[PDB]
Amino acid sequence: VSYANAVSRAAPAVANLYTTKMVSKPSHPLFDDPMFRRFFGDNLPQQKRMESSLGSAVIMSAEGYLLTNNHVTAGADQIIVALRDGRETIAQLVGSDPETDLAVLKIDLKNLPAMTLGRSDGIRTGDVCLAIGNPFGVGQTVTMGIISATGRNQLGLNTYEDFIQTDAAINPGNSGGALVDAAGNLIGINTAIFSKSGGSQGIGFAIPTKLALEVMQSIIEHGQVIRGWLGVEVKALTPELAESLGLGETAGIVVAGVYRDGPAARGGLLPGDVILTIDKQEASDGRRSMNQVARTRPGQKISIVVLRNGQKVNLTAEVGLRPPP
């Protein structure tokens, strides 16, 4: 069997990213110093640029828009995009999203290959995927594995998580590179892995294309992913969490904190209040509720239904803008 056609289709849109730091060269005893004049000197230089390759990026448009993990580009002095055909351009950061580990880069180049997108919702466990990237500085490498699992939350890496799990070897430097389907269609961005050694052990994770896209579209539109805020600290009601709180068998979210002067504080949410309904949606599961509020447009008046001391309270809050971490 072969995936070479998919490799041909997909590899040209997977660029490699790097940063440069000018640095002090190892000194010599008989050579001129900035402060001392010795026996000899150098012809044209006094410092040396070092390339420090960050990870992989994915081209999403012929306009020049690039997707990458935020951590690849974090605290970067200079981001150089190295194309598969040997081209090099200086990238402009457009925006970053620390909550979803995503950053968007802009490149001014003609003749840019773009990545043909595929639906991440249509993937299944047991599907074949190929991970394209730049592991350990070796060069463009393509790896193969199946989709080990889908939609992985509870990983505790990001505020918002919808992770594909992969069997294809992902290594340091593979971050920001593409996860593709067997036909060469982008289904994810390589983001993080679980390892004792630091090398791929068969547990890689990538951000699905649907989530990656929403944030990319938002970052291009505003330069910030806009998210909703309720200023609530929420815990799940377990059988012993309920007993400490004094509710014998109640289930669902309970608030354990109110962000000072946030939308809940003005609205009336109080610690110990079981949330029944957020904006006419039943708040049964916390992850569903947080994402709902996240997509709720800031400056909107939604109605929170709460259970306080066994009685229902119809609270009203003005959804705010989620602050950065």
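The first residue of the sequence shown is number 1, and the count goes up from there.
A.B. asks: Between 23-31 and 51-59, point out the one with the higher average CA B-factor as the PDB entry records it.
C.D. replies: Per the PDB entry, the higher value belongs to 23-31.
A.B. asks: On mean Cα temperature factor in this entry, is 14-22 or 311-319 the higher one?
C.D. replies: It is 14-22 that shows the higher mean C-alpha B-factor.
A.B. asks: Among the candidates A183, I107, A236, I187, give the one with the maximum CA B-factor reported in the record.
C.D. replies: Going by the entry's C-alpha B-factors, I107 comes out highest.
A.B. asks: Per the PDB entry, which option out of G246, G252, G133, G199 has the greatest Cα B factor?
C.D. replies: Each of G246, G252, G133, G199 was compared by C-alpha B-factor; the highest is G246.
A.B. asks: Split into thirds by Cα B-factor across the chain's modelled residues, where does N43 land: lowest, middle or highest?
C.D. replies: Highest third.
A.B. asks: Once the chain's modelled residues are ordered by C-alpha B factor and cut into thirds, is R119 in the lowest, middle or highest one?
C.D. replies: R119: CA B-factor falls in the middle third of its chain.
A.B. asks: So where's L112 on the chain's Cα temperature factor ranking, which third?
C.D. replies: For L112, whose C-alpha B-factor we compare with every modelled residue in the chain, the answer is the highest third.
A.B. asks: Among all modelled residues of this chain, ranked by Cα B factor, put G86 in the bottom, middle or top third, i.e. lowest, middle or highest.
C.D. replies: For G86, the deposited C-alpha B-factor lands in the highest third.
A.B. asks: Based on the deposited C-alpha B factors for this chain, I'd like to know if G177 is in the lowest, middle or highest third.
C.D. replies: It falls in the middle third of the chain.
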